[PDB]
Amino acid sequence: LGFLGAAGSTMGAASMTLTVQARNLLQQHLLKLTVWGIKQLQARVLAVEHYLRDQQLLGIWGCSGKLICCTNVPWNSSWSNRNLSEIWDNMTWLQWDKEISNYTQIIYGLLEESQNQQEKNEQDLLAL
Amino acid sequence: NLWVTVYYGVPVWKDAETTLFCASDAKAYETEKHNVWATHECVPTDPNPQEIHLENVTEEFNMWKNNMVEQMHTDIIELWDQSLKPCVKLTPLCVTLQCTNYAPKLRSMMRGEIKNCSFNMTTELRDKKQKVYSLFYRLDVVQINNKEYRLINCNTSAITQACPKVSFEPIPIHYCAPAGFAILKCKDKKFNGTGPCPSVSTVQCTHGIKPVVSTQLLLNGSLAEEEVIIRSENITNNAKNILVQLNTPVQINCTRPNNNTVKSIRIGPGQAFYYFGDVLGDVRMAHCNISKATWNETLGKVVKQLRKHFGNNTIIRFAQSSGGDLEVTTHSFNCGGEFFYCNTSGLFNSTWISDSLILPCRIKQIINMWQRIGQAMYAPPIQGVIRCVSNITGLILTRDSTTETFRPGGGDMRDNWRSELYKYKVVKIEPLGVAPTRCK
Amino acid sequence: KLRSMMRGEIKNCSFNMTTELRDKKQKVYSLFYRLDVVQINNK
Ligand SMILES: *[C@@H]1O[C@H](CO)[C@@H](O[C@@H]2O[C@H](CO)[C@@H](O[C@@H]3O[C@H](CO)[C@@H](O)[C@H](O[C@H]4O[C@H](CO)[C@@H](O)[C@H](O)[C@@H]4O[C@H]4O[C@H](CO)[C@@H](O)[C@H](O)[C@@H]4O)[C@@H]3O)[C@H](O)[C@H]2NC(C)=O)[C@H](O)[C@H]1NC(C)=O
Ligand SMILES: *[C@@H]1O[C@H](CO)[C@@H](O[C@@H]2O[C@H](CO)[C@@H](O)[C@H](O)[C@H]2NC(C)=O)[C@H](O)[C@H]1NC(C)=O
Ligand SMILES: *[C@@H]1O[C@H](CO)[C@@H](O[C@@H]2O[C@H](CO)[C@@H](O)[C@H](O)[C@H]2NC(C)=O)[C@H](O)[C@H]1NC(C)=O
Ligand SMILES: *[C@@H]1O[C@H](CO)[C@@H](O[C@@H]2O[C@H](CO)[C@@H](O)[C@H](O)[C@H]2NC(C)=O)[C@H](O)[C@H]1NC(C)=O
Ligand SMILES: *[C@@H]1O[C@H](CO)[C@@H](O[C@@H]2O[C@H](CO)[C@@H](O)[C@H](O)[C@H]2NC(C)=O)[C@H](O)[C@H]1NC(C)=O
Ligand SMILES: *[C@@H]1O[C@H](CO)[C@@H](O[C@@H]2O[C@H](CO)[C@@H](O)[C@H](O)[C@H]2NC(C)=O)[C@H](O)[C@H]1NC(C)=O
Ligand SMILES: *[C@@H]1O[C@H](CO)[C@@H](O[C@@H]2O[C@H](CO)[C@@H](O)[C@H](O)[C@H]2NC(C)=O)[C@H](O)[C@H]1NC(C)=O
Ligand SMILES: *[C@@H]1O[C@H](CO)[C@@H](O[C@@H]2O[C@H](CO)[C@@H](O)[C@H](O)[C@H]2NC(C)=O)[C@H](O)[C@H]1NC(C)=O
Ligand SMILES: *[C@@H]1O[C@H](CO)[C@@H](O)[C@H](O)[C@H]1NC(C)=O
Ligand SMILES: *[C@@H]1O[C@H](CO)[C@@H](O)[C@H](O)[C@H]1NC(C)=O
Ligand SMILES: *[C@@H]1O[C@H](CO)[C@@H](O)[C@H](O)[C@H]1NC(C)=O
Ligand SMILES: *[C@@H]1O[C@H](CO)[C@@H](O)[C@H](O)[C@H]1NC(C)=O
Ligand SMILES: *[C@@H]1O[C@H](CO)[C@@H](O)[C@H](O)[C@H]1NC(C)=O
Ligand SMILES: *[C@@H]1O[C@H](CO)[C@@H](O)[C@H](O)[C@H]1NC(C)=O
Ligand SMILES: *[C@@H]1O[C@H](CO)[C@@H](O)[C@H](O)[C@H]1NC(C)=O
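Criteria and cut-off values
Residues numbered from 1 in each chain as written, not as in the entry; some residues may be left out. Chains lettered and ligands numbered in written order. Part of a larger assembly, values for the part shown. Heavy atoms only, no water. 1 Å grid on protein atoms, 1.4 Å probe; cavity = no way out; pocket = protein on both sides within 12 Å on 5 of 7 lines; lining within 4 Å. Points joined across faces, edges and corners; volume = space filled by probe spheres on them. Helix = DSSP H or I, 4+ residues; strand = E, 2+ residues; numbered from the N terminus. Nonpolar A, V, L, I, M, F, W, Y, C, P; charged D, E, K, R; others polar. Contact = heavy atoms within 4.5 Å. Buried area = accessible area lost by both parts, 1.4 Å probe. Salt bridge = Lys/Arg side-chain N within 4 Å of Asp/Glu carboxyl O. Polar contact = N/O pair within 3.5 Å; in protein donor to acceptor, adjacent residues only side chain to side chain. Near = heavy atom within 4 Å. Areas by Shrake-Rupley, 256 points an atom, 1.4 Å probe, with all protein chains shown as cover. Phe/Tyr/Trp six-rings, centres within 6.5 Å; stacked < 30°, edge-to-face > 60°. Buried < 20%, exposed > 50% of the residue type's maximum accessible area, 1.4 Å probe, protein only. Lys NZ or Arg CZ within 6 Å of the ring centre and 35° of its normal. Core = buried A, V, L, I, M, F, W, Y, C linked by side-chain atoms within 4.5 Å.

- Under the annotation held in the PDB entry, chain C carries the name Envelope glycoprotein gp160 and is attributed to Human immunodeficiency virus 1.

- Chain B goes by Envelope glycoprotein gp160 in the PDB entry, where it is assigned to Human immunodeficiency virus 1.

## Describing the layout of surface pockets
All names here are of chain B.
At step 1: Of the volumes computed, that of the second largest pocket is approximately 820 Å³.
At step 2: Residue assignment for the lining of the second largest pocket shows that the elements contributing at least two residues are α1 (67–84), α3 (326–329), β25 (331–334), β26 (339–342) and β30 (386–390).
At step 3: At four residues, β30 tops the list of elements feeding residues into the lining of the second largest pocket.
At step 4: Classifying every residue of the lining of the second largest pocket gives 24 nonpolar, 10 polar and five charged.

## Some thoughts on the interface of chain B and chain A
At step 1: Across the contact, 46 residues belong to chain B and 47 residues belong to chain A.
At step 2: Summing both sides of the interface, chain B and chain A together bury roughly 4600 Å²; the carbon and sulfur share of this comes to 71%.
At step 3: In this structure, the connection of chain B to chain A is made through two salt bridges.
At step 4: Notably, a salt bridge pairs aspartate 75 of chain B with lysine 39 of chain A, separated by 3.4 Å at the nearest N-O pair.
At step 5: Remark: the boundary between chain B and chain A carries eight residue pairs in polar contact.
At step 6: For the side of chain B that touches chain A, the elements supplying multiple residues, two or more each, are β1 (3–15), β2 (21–23), α1 and β33 (424–437) of chain B.

## Description of the arrangement of the chains
At step 1: Out of two pairs of chains that touch, the pair holding the most contacts is chains A and B.
At step 2: Taking C-alpha atoms only, the smallest gap left between chain A and chain C, which are not in contact, amounts to 33 Å.

## Some points on the site of ligand 5
Residue and element names in this part refer to chain B.
At step 1: Close contacts around ligand 5 come from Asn234, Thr236 and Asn237, and that covers them all.
At step 2: Between ligand 5 and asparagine 234 there is a distance of 2.3 Å, counted from an oxygen atom to a side-chain nitrogen or oxygen.
At step 3: Protein chains bury 17% of the 600 Å² of accessible surface belonging to ligand 5 in isolation.

## Points about the packing of aromatic side chains
At step 1: Using the criterion set out here, one finds 17 aromatic pairs over all chains in the structure.
At step 2: On the numbers, 5.0 Å between centres and 70° between planes, the contact of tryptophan 93 of chain A with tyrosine 7 of chain B is edge-to-face. Taken together, the residues span two chains, with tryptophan 93 of chain A in the loop between β1 (70–74) and α3 (94–100) and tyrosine 7 of chain B in strand β1. Residue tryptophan 93 of chain A shares its accessibility class with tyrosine 7 of chain B, and that shared class is buried.
At step 3: Through a chain of ring-to-ring contacts, the aromatic side chains of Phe310, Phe318, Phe348, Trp352 and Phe406 of chain B assemble into a single cluster.
At step 4: In this structure, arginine 231 of chain B packs its charged tip against the face of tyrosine 422 of chain B, placed 4.0 Å from the ring centre.

## Considering the nonpolar core
The tendency in soluble globular proteins is for nonpolar side chains to be buried as a group.
At step 1: In terms of nonpolar packing, the biggest core is built from 49 residues, with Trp93 and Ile107 of chain A together with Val4 and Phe61 of chain B touching the most fellow members.
At step 2: Secondary structure elements with two or more residues in this core: α3 and α4 (104–118) of chain A together with β1, β14 (181–185) and β33 of chain B.
At step 3: Counting residues per element, this core draws most heavily on β1 of chain B, at seven residues.
At step 4: Core analysis: the second largest hydrophobic core is formed by 41 residues, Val35 and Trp36 of chain A together with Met377 and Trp417 of chain B among them.

Given below as C-alpha cells:
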C-alpha cells in the first residue's frame, strides 16, 4: 500500500505494515538565520523529540527495540468489554482508539509498574 | 484471560498546530539575486509527488479554522517586512512641493492626473541642496491650501525605497510539513467547506501556491474542476463574506501604455533614489480588457449556483461596491512593479428574472500593504510599457423581502488563501496503540 | 508666586521643534522639572 496505506483497514491487516510507518520519519547544512532558516531549524528540532519521547516510553515500558510485545498486566474488562476476539479484527484502529482514550493514562502508569517495576527487580534476586 | 499488548507504528492521528516550512521547485534564477519571496534559502522540492490515497475513510474538515492561514498570513507580512528593511529610507522626501499639472490642455480621462512638481532635495553633502523636477499622481499628493502639495504618508507613516533590483513575481510555493506529521487532502468534488470528505488522501508537501495579492477577484489562481462552486461560512449572515470558485478562467489583458523615463539622484552618501522622470510619446490611460460575452456566460453560471439554496423565487441584483478605501472598493493588484486600481462598476450592473469591455485603471506609488498604518512602501517607476496578461479564478462577494443585493467585497488578505487552503489540514501522527490479546 | 516646597520646581519652557515636514518648525510650550534641565549661563 504505502505510508499510512492501511489507515481504514483491519487491525490484523494493518498489523503487517509497521515498517513503512516507521521508515518515513526523519536537509540543508550551513543555515542562515533569516526567515525560512528559522523554520527549518524548527523543523529539525520537532522531528527529534516527537521521535524520541515515545522512544523513551518503550524503554520505560521495557519493550525496547521494535517488538509488538505484550505485557504481564491483565486487561481490565471494565474498559468496554466488547467481544475482544471479534472486534479486534473488525472495525479499524481509528474508531476503536478514541473508545480506549478515556483510560489510556490509567493504563500507562500501570505498565511501568507491572513488569517494569516488579519483574525488573527479580532477575537481580536470582543473580546470586 | 487477556493482557494488555502494546503496538508501535499504529496508523492513527489527532489534529494539531505545528510549524511548517517552505519547499521550492529548484530553478536557476541568478538574475534579480533574490526576490521578495525567499526562494533562495528554501529547500528544493522532491520531484516525486508521493500522493498516497486513503481508502474508505472519512473526515470532517473546516476551511474556517485552518491555522495554516494564520501561519502563512504571518509569514507573508514578515517576509515582506524582512526584504524591505535594508534599503533606502526616504526621510528627507517629506517636504513642501511646488506643483502643477503635466498636460494642462487635455480632454480625456487623464486630464489633471499626472503632476509636474518641484523640490529642494538634500544632496549627499550636508550643506548642499538641489531643485528637482519630477512627476507624481493624484493619488499620492494632498493639497495644503502652484498651490503647495504634500504626500500622503506624512500624515501617518515613513517611506522605504523598494530595492530596485528585486522582483515581485509570485513564485509557486510548496509547504512541506515536518516529520511526525502529515497533511490531509480532501479531493472530494463539490466540497462544502465543512464536511466529511470521503475521497481523502495525504501528502507530505502541498502543491504550488502563488501568493498573489488581489482585491475583489482572484487572479492567476487555481481552477475548479466540475462547475461553479459556492462557499461561505454563514450564508444567512451579512457579516460573512462569499467565496466563489469558477470552473473556467477569463483571459484579462492589462496594460500601462506609456513610454517612460527614470532618473536618479544621490540624496545621501549612498542614498540614490529613482523617480518618474519623463514620458515619451504622449499620455495614455491605463486600462484592462475582458471578453464581454464570455463573462456574461460566466456570470450566467453563477446565478444558477446561487438560486440552488438561496433566492429561488427572488430577483438577483448586482450593485457596485459601497465605498471606503480603494483597497476595499476597487480591484487592486500588483503586476510586477506597478499597483493597479481598476474601477469595476461596469461588472456589477445587472439583475435577473426567474465587442469587449474596458475598465479604467488608476495607479499609485505609495502603498500601505495589509492596512498597517505605520509602514508605507515607495515603489520605483518602471521604464517601458507593461503588458500584463492574466486569468481569473475567483470572486469575493457580500450580501446586503424578495430582492437580493450582492456587492463585491474584499479587504482581508486572508480570504485569498482560504481559497487555497480549504483542501488541507494538519495532523499529528500517533504511533502508539494498546489492545488486549492472548499472551502473557 | 509660591511659598511651599514646590517653589521653583516645575518650569514652563519653549522650543523650536521640527515638525513632520522638513522645512517647518514649531514653537512649543511645555513643562519640565528641576531634575531634568541644566542651566547653560529666561536663561
Ligand atoms: C498571471 O500569470 C501570467 C503568466 O501567464 C503573468 O504574466 C507574465 O508576467 C510577467 C511579468 O509581469 C511577464 O514577464 C515579462 O516578459 C517580458 C517579455 O519577455 C520581459 O521582457 C519582462 O522581463 C523584464 O522585466 C522583469 C521584471 O522587471 C525583469 O526580471 C526582466 O529582467 C526584464 O527586466 C528588464 O527589462 C525591463 C523593461 O522595462 C527593465 O525595466 C529592467 O530594468 C530590465 O532591464 C517580464 O519578465 C510575462 O511575459 C507574462 N506572461 C504573459 C503570458 O503575459 C501575470 O503577470 C500573472 N498575473 C499577475 C497579476 O501577476
Ligand atoms: C515641469 O515644469 C518646469 C517649469 O519650470 C519645466 O522646467 C522648464 O521646462 C522648459 C521646457 O520644458 C525648459 O525650457 C526650462 O529650461 C525648464 N526650466 C528649468 C529650470 O529647468 C519642466 O520641464 C517640467 N517638467 C517636465 C517633465 O516637462
Ligand atoms: C453544507 O454546509 C452547511 C453550513 O454552511 C450545512 O448546513 C447546516 O448543516 C447542519 C449540519 O449538517 C444542519 O443541522 C443544518 O440544518 C444545515 N442548515 C442548512 C440551512 O442547510 C449543510 O448541511 C452542508 N451540506 C452538506 C452536504 O454537507
Ligand atoms: C490561464 O488559463 C489558461 C486557460 O484559459 C491556461 O492554459 C492552459 O494551461 C493548461 C496547463 O498548462 C494546459 O494544459 C492547457 O492546454 C492550456 N490551454 C491553453 C488554451 O493554452 C493557462 O495555463 C493559465 N495560466 C495561468 C498563469 O494561470
Ligand atoms: C448565522 O447568522 C444568522 C443571522 O443572519 C444567525 O441567525 C440569528 O442569530 C441571532 C443571534 O444568534 C438570533 O437571535 C436569531 O434568532 C437568529 N435567526 C434565525 C432565523 O435563526 C445565525 O444564528 C448564524 N448562525 C451561525 C451558525 O453562525
Ligand atoms: C489579450 O491579448 C492577447 C494578445 O495581446 C490576445 O491574444 C490573441 O488572441 C487572438 C484571439 O483570441 C488570437 O487570434 C491571437 O493569435 C492571439 N495573439 C497572441 C499573441 O496570443 C488575447 O485574445 C487577448 N484577450 C482578450 C480577452 O482580448
Ligand atoms: C467607477 O465609475 C463609475 C462611473 O459611473 C463611478 O460612478 C459614479 O460615481 C459618482 C460619485 O459618487 C456618482 O456621482 C455617479 O452618479 C456615479 N455614476 C453612476 C452611473 O452611478 C464610480 O464612482 C467609479 N468608482 C469609484 C471607486 O470611484
Ligand atoms: C508658558 O509661558 C508662556 C509665555 O508666553 C505662556 O504663553 C502665554 O500664556 C498666556 C496666558 O497663559 C496667553 O494669554 C498667551 O496667549 C500665551 N502666549 C502664547 C504665544 O501662546 C504659557 O501659557 C505658559 N504655559 C503655561 C502652561 O501656562
Ligand atoms: C477496572 O476498572 C474499574 C474502573 O472502571 C475499577 O473499578 C476496577 O477495580 C478495575 N479492575 C481491576 C481488576 O483493577
Ligand atoms: C527651494 O529653496 C529656495 C531658496 O531656499 C526657495 O526660494 C524655493 O521656494 C524652494 N522651493 C521648494 C519647492 O522648496
Ligand atoms: C490624515 O488622516 C486623517 C484620518 O486619519 C484624514 O482625515 C486626513 O485627511 C489625513 N490628512 C492627509 C493630509 O492625508
Ligand atoms: C521608447 O522610446 C525609446 C526612445 O529611444 C525607443 O527606443 C523605444 O522603442 C520606445 N518604446 C516604446 C514602447 O515606444
Ligand atoms: C446576458 O445573458 C442573459 C442570458 O444568457 C441575458 O438575459 C442578458 O440580457 C445578457 N446580458 C448582457 C449584458 O448581455
Ligand atoms: C447600468 O447600465 C445601463 C445601460 O447598460 C445604464 O443606463 C445605467 O446607468 C447603469 N447603471 C449603473 C448603476 O451602472
Ligand atoms: C525659535 O526660532 C526663532 C526664529 O528662528 C527665534 O527667534 C527663537 O529665539 C527660537 N526659540 C527657541 C526656543 O529656539
